[PDB]
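> The structure under discussion is supplied below as structure tokens; questions concerning it will follow.
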Amino acid sequence: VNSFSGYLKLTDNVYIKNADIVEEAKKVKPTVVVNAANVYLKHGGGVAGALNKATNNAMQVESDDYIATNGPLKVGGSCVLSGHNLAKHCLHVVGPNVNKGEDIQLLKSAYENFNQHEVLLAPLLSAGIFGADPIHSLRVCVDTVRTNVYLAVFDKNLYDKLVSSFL
Ligand SMILES: O=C1NS(=O)(=O)c2ccccc21
């Protein structure tokens, strides 16, 4: 038994809710929150900008030190950093950005990072301002992630479409 409340069960291991991931993280304080990162860990907008704002920019300060030491992530890759006031850890995962021309086949590689963590609070990778079809992102998630994932979908309209179209 864990602390996640109000989720619809899609599969053995995947759950979904219409929720602001920031507000969900603040309430649950999960072991792992996933960020929809870019390779530079520049948390300007979308999920990343909202998570970073909720940390009072501490996420960005830590991220800048990480990049200065290690260089950029790979598209499809990840790193584990602090969760600050939101979670124990933040798993920064880079899904392909369709609005930059990145290979959508890299979405499966992105979701494979989640399998290194027993439980995660996450957004749909490559959705929103990353330009991918969220229905596709949910299918890749279900077909790739084997650990327990709690998906927060900000947009109520999209949430209802994801549930009602789920196979
Ligand atoms: O894919 C998406 N995640 S979201 O809920 O932020 C959203 C809002 C509007 C259009 C698309 C999308």
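FYI the Cβ positions are ideal-geometry reconstructions off the backbone, even for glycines, and counts take in every protein chain you see. Each reported figure results from applying straightforward, stated rules to the coordinates on display, with no laboratory input.
> Looking only at the range 83-101, decide whether some residue is within 21 Å of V28 (Cβ to Cβ) and within 16 Å of the ligand (Cβ to nearest atom).
Looking for residues that are within 21 Å of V28 (Cβ to Cβ) and within 16 Å of the ligand (Cβ to nearest atom), one finds at least one in the range 83-101, hence yes.
> With part of a helix (DSSP H, G or I), more than 30 Å from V1 (Cα to Cα), away from the ligand (no atom under 12 Å from the Cβ) and hydrophobic (A, V, I, L, M, F, W, C) as the only criterion, which of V61, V163 stands out?
Answer to the check: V61.
> Could you list all residues from the range 116-151 that are polar (S, T, N, Q) and under 12 Å from the mean Cα position of the chain (by Cα)?
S126, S137
> Just one of the numbered conditions (1) over 30 Å from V163 (Cβ atoms); (2) touching an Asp or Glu at 6+ places or on another chain (Cβ under 8 Å); (3) surrounded by fewer than 21 Cβ atoms within 10 Å (Cβ to Cβ) is not true of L41; which one?
Among (1) over 30 Å from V163 (Cβ atoms); (2) touching an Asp or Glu at 6+ places or on another chain (Cβ under 8 Å); (3) surrounded by fewer than 21 Cβ atoms within 10 Å (Cβ to Cβ), the lone unmet condition for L41 is (3).
> While we're here: Does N18 count as over 19 Å from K156 (Cβ atoms) and either polar (S, T, N, Q) or surrounded by 17 or more Cβ atoms within 10 Å (Cβ to Cβ) (or both)?
It is false that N18 is over 19 Å from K156 (Cβ atoms) and either polar (S, T, N, Q) or surrounded by 17 or more Cβ atoms within 10 Å (Cβ to Cβ) (or both).
> Can you tell which of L81, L91, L86, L73 is more than 15 Å from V39 (Cα to Cα) and of a type in the set (A, V, I, L, M)?
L86
> Please work out if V149 is surrounded by 16 or more Cβ atoms within 10 Å (Cβ to Cβ), within 14 Å of the ligand (Cβ to nearest atom) and either under 21 Å from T11 (Cα atoms) or among the basic types (K, R) (or both).
Taking the combined requirement at face value, the residue does not satisfy it.
> Given the condition in contact (Cβ under 8 Å) with a residue 40 or more places away in the chain, touching a strand residue (DSSP E or B) at 6+ places or on another chain (Cβ under 8 Å) and surrounded by fewer than 16 Cβ atoms within 10 Å (Cβ to Cβ), answer yes or no: does some residue in the range 66-73 qualify?
The answer is no, given that none of the residues of the range 66-73 is in contact (Cβ under 8 Å) with a residue 40 or more places away in the chain, touching a strand residue (DSSP E or B) at 6+ places or on another chain (Cβ under 8 Å) and surrounded by fewer than 16 Cβ atoms within 10 Å (Cβ to Cβ).
> Shifting gears a bit: For a quick check of your reading of the model, give me the residue pairs whose first member lies in the range 128-147 and is under 12 Å from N115 (Cβ atoms) and touching a residue at least 24 places away in the same chain (Cβ under 8 Å), whose second is more than 8 Å from the ligand (Cβ to nearest atom) and among the β-branched types (V, I, T), with beta-carbon atoms closer than 7 Å and at least 6 apart or on different chains.
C141/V14; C141/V149; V145/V14; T147/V119
> Just the residues that are surrounded by fewer than 21 Cβ atoms within 10 Å (Cβ to Cβ), at negative phi and not in a helix (DSSP H, G or I), please, taken from the range 109-141.
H117, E118, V119, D133
> Tell me which residues, restricted to the range 23-42, are under 13 Å from the mean Cα position of the chain (by Cα) and within 19 Å of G95 (Cα to Cα).
Correct list: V32, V33, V34, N35, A36, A37, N38.
> Here are some conditions: (1) within 16 Å of the ligand (Cβ to nearest atom); (2) closer than 24 Å to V142 by Cβ. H117 meets all but one. Which one does it not meet?
It fails just one condition, (1).
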